[PDB]
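>>> Task: produce atomic coordinates for the following.
(2 chains, ligands or ions: 4)
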There are 2 protein chains.
Amino acid sequence: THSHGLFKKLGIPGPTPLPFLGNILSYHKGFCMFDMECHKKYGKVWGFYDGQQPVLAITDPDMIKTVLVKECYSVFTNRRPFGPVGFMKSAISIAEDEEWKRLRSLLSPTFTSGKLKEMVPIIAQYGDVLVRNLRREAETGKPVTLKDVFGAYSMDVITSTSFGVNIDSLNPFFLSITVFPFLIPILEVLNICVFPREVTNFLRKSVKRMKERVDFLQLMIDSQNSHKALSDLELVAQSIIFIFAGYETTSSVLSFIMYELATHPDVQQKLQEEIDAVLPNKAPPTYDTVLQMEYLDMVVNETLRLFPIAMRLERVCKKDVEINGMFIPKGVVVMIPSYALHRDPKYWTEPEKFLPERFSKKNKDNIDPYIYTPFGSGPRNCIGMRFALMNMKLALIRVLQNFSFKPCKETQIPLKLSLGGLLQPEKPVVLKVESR
Amino acid sequence: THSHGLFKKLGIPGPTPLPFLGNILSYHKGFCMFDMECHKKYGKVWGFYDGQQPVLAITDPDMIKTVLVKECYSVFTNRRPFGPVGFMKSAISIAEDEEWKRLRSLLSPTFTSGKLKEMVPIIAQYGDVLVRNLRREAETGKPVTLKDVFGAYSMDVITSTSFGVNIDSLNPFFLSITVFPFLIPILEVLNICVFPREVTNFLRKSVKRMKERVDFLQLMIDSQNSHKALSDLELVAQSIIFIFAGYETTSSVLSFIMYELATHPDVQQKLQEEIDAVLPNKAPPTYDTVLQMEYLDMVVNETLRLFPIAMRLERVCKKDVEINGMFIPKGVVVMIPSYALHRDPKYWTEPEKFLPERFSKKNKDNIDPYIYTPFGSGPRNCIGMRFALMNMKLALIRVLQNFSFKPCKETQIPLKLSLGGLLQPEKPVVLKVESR
Ligand SMILES: CC(C)(C)OC(=O)N[C@@H](CS[C@@H](Cc1cccc2ccccc12)C(=O)NCc1cccnc1)Cc1cccc2ccccc12
Ligand SMILES: CC(C)(C)OC(=O)N[C@@H](CS[C@@H](Cc1cccc2ccccc12)C(=O)NCc1cccnc1)Cc1cccc2ccccc12
Ligand code: HEM
Ligand code: HEM
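Residues are numbered from 1 along each chain as shown, chains lettered A, B, ... in the order given. Ligands and ions are numbered 1, 2, ... in the order given. There you are, the coordinates:
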C-alpha cells in the first residue's frame, strides 16, 4: 500500500484509504451515494483508491471535455480493464488503442441514420407482439412485471436486429478483483471467463449456422467485403456485446420510464395526447413520426437524468498529462460521476423531482452537455445511442397508444435504487395496466 | 519438480515425468488407455505424477482390499481433493476424516433395503411415463436418443425420490488444476465455484420451500430429530450430490445397456423372455420380482464391467504405511484402475466381448471382488449402489416389456468411448425402437 500516497502528494483531497482495500468499504451505499457524498465533501475534483488503483473524479465541464474529447486519442483512449475476458478482449467496448480504433471504424456505419431507418419497419413488428402480450396480462386483474415484458420485447428486438431470429419471447465476486486484480492474469490462464463457455459456444457456431439485409450480423458480414478486415470470431464477440446492451439497458430504462409515467399521471396524459396528434387513429409510428414527438423525447431525456444507467464514465490516463492546469500522472483512472452530476443541485433545480420541462426547447439550452451525459461523449461515446433511443421510443408509442399505467399496492413508491453494483431498482417495477 | 524423484527412489517403476506437467500429456488417450497401457508396460504396481502429485497404481487384490477396507479408517480415509468446492465441501462424497464419518453415519439409513422398498411403488410411475414418451418417438420412423429419454426418466426419478417434485421432463479447465493445484486456495477466496451460485441458490431456498415420507429430503429432515445433528445447508449440499449421481450415472449406464442389448439381439431376447416369465401379462414389476430376475442382473453386471463409469478408485494415504510388504509414504494418492482391471485378459477371457454368462451363478464365483468393483468397496463404496441397481432395473423391465431395439445407419458400431474426461460415448447412442 505504497501507492496510497499518490493523492496526498499531488495535494488532491479525498477519503483516507485503508491498507489493501483502498476506499472500497465505502461502496456499501453503492457507487452513487459514495460519489454524491464525495462530490459534496470535497468539490470539483477528488481522489480515492479501488484497492491500490488510484481514481480521480473530475466535475469541471472543460476538464471533462478535455478528457472525453480533446485528448481522447492521445491520452485517454481506453477504459479500466476488468478481466478475465478471454476471446472477448476483441469486443469493441473492451478493446484498446489501435485495435479499438480499428473496430470503432469498422462497426460505425452499422448505426447510421439510414441503417436505423431500414430497421424501423422491422422493429415495428414486436411492439405489436408487446401489446398483445400486454393485452392478456391486463384483460384480467393482475399486476404486470415490466422487466418481464420489456425484456421479452428487448430480446425480440435483439434476436431480429442482430441475427434475423424472429421469436416470441414467451417460448458477487467482482469485489475481489479490485483487491486482487493481480489475479486476473491468473484466471486468464485457467480459461475462467466472466461468461460461461456455453453461451458463447452456443453463438460461435450459431453465427455460422445462419448460414449462409438488415440485421447487425449481415451488416458486419457485408463489411468483410484503411485498416484490415473483420475476422470471424471478432464478429461473434461483437454480437455478444450488442446483445447485452440492447436487452438489459433498453428494458431497464423502459421500466424507469413506465414508473415515472405511472407516478406522474399528468406527464403520462400530456404524452398520450401527443402520440395521438402525430399518429391519429393509432397510426403506426415511423422513423420520422418518432423524431417528431418532442414531449416523448423530453420524457426519455429526463428519465436518463434520474437513472443514468452507466452511472460513471471512465478513461485510463495512458501517460503523464496536464489537462486544464492539473497534472495527472500515468496509470490513474479518470472518472466522471454521471449519476452525481445529474443529481447535482448546482446545475439542476429540484434534482430528485421528475420534471421533463427541463428539456423543453424553452429551457433545453441551460444544460451543459458535459454535465448531462447518459451516452458518454467524444470518440468513445455510446455507438448505440440513436438505435437505443429509437428502439425505446418505438415501444412507448405503441404501448401508450393502447394502455394506461397505475400504481398498485405492491408498487415501490418511492423507487429504491439497487444499493449494489448496477443501476437497477431494488424491488422490480410492478404497475396496474388498463386498456384505453 | 523436486517431487518427481519419489518413485525412482522407492524403486517403483513408471513413465518418466516431464517438469511441471508430470505425466499428464499421456491423458491424450484418456485415463483409461493410459492405465491399460501402464498395466501392460509395468505390471501389478506402477507410479506417475499428476503435475507434482505422485500417484501409485496397485492391482493386487490383497493390496486393494487392504487400502479399500482393512486400513480405510486409519490410513486411506479420503479421496483426492479437487476444489474449488465452496459450501459443498460439506457433501459426503467430498468430506473427509471425522466430518465424513459423521455424514456417512447420518445418511446411510436413507439407503436401506426397507426404504428402497418404499421407493419402488413410487419409482414405478415414471417408467410408465418413460414408455408413453417412447411410444410417441417410435410410432413413427424416427430414431431415438437414449440419453434424452433415459435422462428425462432419471431426472423424474430424482426430483421425486429427492424432493417429491413430480414433473414430466418434456416440460475443460480442470487440466490447469493439476498443473496449478496451488491455485485452488485462490479460487476459494474468489467465491469461484465449480457450480454456478444460481443452481445452488435455486435449491438453497427451494429446499425450505417444501415446505413445510418417502423422498430423500424427508428422510434427511427426519434424521435431524453418537454424533451431532445434520444442519440446514449440510442437507442442501447432500441433495445436490444425490442429484448428480442419480441423473447422469443412471441414464448413462442405461445407454450402455440398451446399446449392448441392441448390438447383441440374442441377449435381448433371452432377457425379454425372463421378464415375461416372472411378470406375465406385463405384470408391474415389484421390489421382489426385480431381485428375482437373474439374467437381468447378469446383463447389468456385465455392462458395468465394460463401462465402469468411475473408471478409477482413489484414496489419499494420510500417513506412512507398509501395506502388504510395500512402503507407501504419506501424501501419495493410491489409485485402483477399475476400467483396466475390468478389461485385463489375465482375469477375463475375451474381455472386450459382451458376455453376460460370466455372471451366471455357474461362473459368478471365478470373479475376484477386488478386480470387479463398479461401486467401490469397503466403508467408502457407493452409498447409492442398491438404489442405482433397482432404479435402472425398474427402467429396463418396463421398457423391454414393450419395445425392442435395433441398430440404425447412425448407430455408432463399435461404440467409441469418450477420449476425454468422463466415461461417456463419443457420438450419442441412437437406435431404432419398435413396439411389441
Ligand atoms: C464488474 C463491472 C461492473 C466493474 O464491469 C462489468 O461487469 N461490465 C461493464 C463492461 S463491458 C459489456 C457488458 C458485459 C457484462 C458481463 C460480462 C462481460 C464479459 C465480456 C464483455 C462484456 C461483458 C458492455 O459494454 N455491453 C454494452 C453496453 C452496456 C451498457 C450500456 N451501453 C452499452 C458494462 C458497462 C456499463 C456501463 C457503461 C459501459 C460502457 C462501455 C462498456 C461497458 C459498459
Ligand atoms: C474434475 C474431476 C473429473 C477430477 O472431478 C469431478 O469433476 N467430480 C467427481 C468428484 S464429486 C460429485 C460430482 C460433482 C461434479 C461437478 C462439480 C461438483 C462440485 C461439488 C461436488 C460434486 C461435484 C459426485 O460424487 N456425485 C455422485 C456420484 C457420481 C458418480 C458415481 N457415483 C456417485 C465425480 C466422481 C466420479 C466417479 C466416482 C466418484 C466417487 C465419489 C465421489 C465422486 C465421484
Ligand atoms: C438506454 C440505452 C443505453 C445507454 C443509456 C447507453 C450508455 C452508454 C454509455 C454511457 C457508454 C460509455 C460512453 C463513454 O464511455 O463515453 C456506452 C458505451 C457503449 N454502448 Fe451504450 N448505452 C445504451 C445502449 C446501447 C446499445 C443498444 C448498444 C447496441 C449496440 C450499445 C453499445 C455500446 C457500445 C458498443 C459502447 C462502447 C463504445 C466504444 O467503446 O467504442 N449501447 N453506452
Ligand atoms: C450406475 C450408477 C452408479 C455407479 C456405477 C456408482 C459408482 C460409484 C463409485 C465407484 C463410487 C466410489 C466408490 C469408492 O470410492 O470406493 C461411488 C461413490 C458414491 N456414490 Fe455412487 N455410483 C452410482 C450411482 C449413485 C447413486 C444413484 C447415488 C445416489 C445417492 C450415489 C451416491 C454416491 C455417493 C454419496 C458416493 C460417495 C460415498 C462416500 O464418499 O461415502 N451413487 N459411486
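>>> Please make it C-alpha for all contacts and neighbour counts, starting now.
Noted.
>>> Mind telling me which residue of the stretch 101-250 of chain A is nearest ligand 4?
The stretch 101-250 of chain A approaches ligand 4 most closely through residue A:198 (26.5 Å), counting by C-alpha to the nearest ligand atom.
>>> can you map out the helices along the stretch 251-400 of chain A?
A:265-278, A:287-292, A:294-306, A:338-342, A:385-400 (DSSP state H, counting those that start in this stretch).
>>> For the residue lying closest to residue A:385 once chain neighbours are set aside, which residues are in contact?
In space, and not counting its chain neighbours, residue A:385 is closest to residue A:375: 6.4 Å by C-alpha to C-alpha, 6 or more residues apart in numbering or on different chains. Shown in contact with residue A:375 (C-alpha atoms under 8 Å, 6 or more residues apart in numbering or on different chains): A:381-382, A:385.
>>> Can you tell me how far residue A:375 is from residue A:344?
Plainly put, residue A:375 is 18 Å away from residue A:344 if you go by C-alpha to C-alpha, to the nearest Å.
>>> returning to what we had before: quick check: which of the helices of the stretch 251-400 of chain A is buried the most?
helix A:338-342 (a mean of 26; mean count of other C-alpha atoms under 10 Å in any protein chain shown).
>>> Convert that helix to PDB, retaining C-alpha atoms only.
Extracted as PDB, the C-alpha positions of helix A:338-342 are listed here (Å, rounded to 0.1, in the frame of the first residue of the first chain):
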ATOM      1  CA  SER A 338     -22.700  10.900 -14.200                       C
ATOM      2  CA  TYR A 339     -25.300  10.000 -11.600                       C
ATOM      3  CA  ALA A 340     -23.900  12.500  -9.100                       C
ATOM      4  CA  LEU A 341     -23.700  15.300 -11.700                       C
ATOM      5  CA  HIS A 342     -27.200  14.500 -13.000                       C
END
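>>> So which other helices or strands are in contact with it?
helix A:30-42, helix A:294-306 (3 or more C-alpha pairs under 8 Å, 6 or more residues apart in numbering or on different chains; DSSP states H and E).
>>> Distance from stretch A:194-207 to the middle of the chain?
23 Å (C-alpha atoms, centre = their mean, to the nearest Å).
>>> With chain B in mind, check whether that stretch reaches it.
No - Stretch A:194-207 stays clear of chain B (C-alpha under 8 Å from any C-alpha of the partner chain), getting no nearer than 9.5 Å.
>>> which residues touch residue A:60?
A:44-45.
>>> Pull up the residues of chain A that are close to chain B.
A:173, A:176, A:190-192.
>>> which of the residues you listed are buried?
Among the residues of chain A next to chain B, the ones that count as buried by 16 or more other C-alpha atoms under 10 Å in any protein chain shown are A:190-192.
>>> Out of the residues you listed, which comes closest to ligand 2?
Among these, and counting by C-alpha to the nearest ligand atom, the member closest to ligand 2 is residue A:190, at 13.6 Å.
>>> Please report how far the closest one lies from ligand 3.
Separation of residue A:190 from ligand 3 (C-alpha to the nearest ligand atom, to the nearest Å): 26 Å.
>>> The host helix or strand of residue A:148 and ligand 3 in contact?
Assigned by DSSP states H and E, residue A:148 falls within helix A:146-163. No - residues of helix A:146-163 are not located near ligand 3 by C-alpha under 6 Å from any ligand atom, the shortest gap being 8.9 Å.
>>> got the angle for that helix vs helix A:385-400?
Helix A:146-163 and helix A:385-400 are oriented at 130 degrees to each other (axes from the mean of the first three to the mean of the last three C-alpha atoms, to 10 degrees).
>>> Check which residues of the very next helix or strand once past helix A:146-163 are buried.
Downstream of helix A:146-163, the next assigned helix or strand under DSSP H and E is helix A:174-179. Residues A:175, A:177-179 are the ones in helix A:174-179 that count as buried (16+ other C-alpha under 10 Å).
>>> contacts for the helix or strand just after helix A:174-179?
The helix or strand immediately downstream of helix A:174-179 is helix A:184-189, counting by DSSP H and E. With contacts defined as C-alpha under 8 Å, 6+ apart, helix A:184-189 is touched by A:83-86, A:177, A:193.
>>> helix or strand for the residue of the stretch 101-250 of chain A closest to ligand 4, which one?
Secondary structure (DSSP H and E) places residue A:198 in helix A:197-206.
>>> same question, residue A:432
strand A:430-435.
>>> list the helices and strands that strand packs on?
strand A:144-145, strand A:403-407.
>>> Pull the residues that contact the last one.
This means strand A:403-407. Applying C-alpha under 8 Å, 6+ apart, the contact partners of strand A:403-407 are A:258, A:261-263, A:268, A:430-436.
>>> Separate out the buried members of the residues you listed.
Counted by 16+ other C-alpha under 10 Å, these give A:258, A:261-263, A:268, A:430-434 as buried.
>>> Most widely separated two among those?
Distances among these were taken as C-alpha to C-alpha; the most separated pair is A:268 and A:430, at 16.5 Å.
>>> Point me to the residue of the stretch 201-350 of chain A nearest ligand 2.
Relative to ligand 2, the nearest point of the stretch 201-350 of chain A is residue A:201 (19.8 Å; C-alpha to the nearest ligand atom).
>>> I meant the stretch 301-436 of chain A, not that one.
For the stretch 301-436 of chain A, C-alpha to the nearest ligand atom, closest residue to ligand 2: residue A:421, 27.5 Å.
>>> Tell me the spacing between that residue and residue A:310.
Using C-alpha to C-alpha, residue A:421 is found at 11 Å from residue A:310.
>>> Looking at those two, which is more packed in?
With neighbours defined as other C-alpha atoms under 10 Å in any protein chain shown, residue A:421 and residue A:310 compare such that residue A:310 has more, 18 against 15.
>>> ok, that one to ligand 4 distance?
47 Å.
>>> Report the contact partners of residue A:248.
So residue A:248 contacts A:151, A:154 (C-alpha under 8 Å, 6+ apart).
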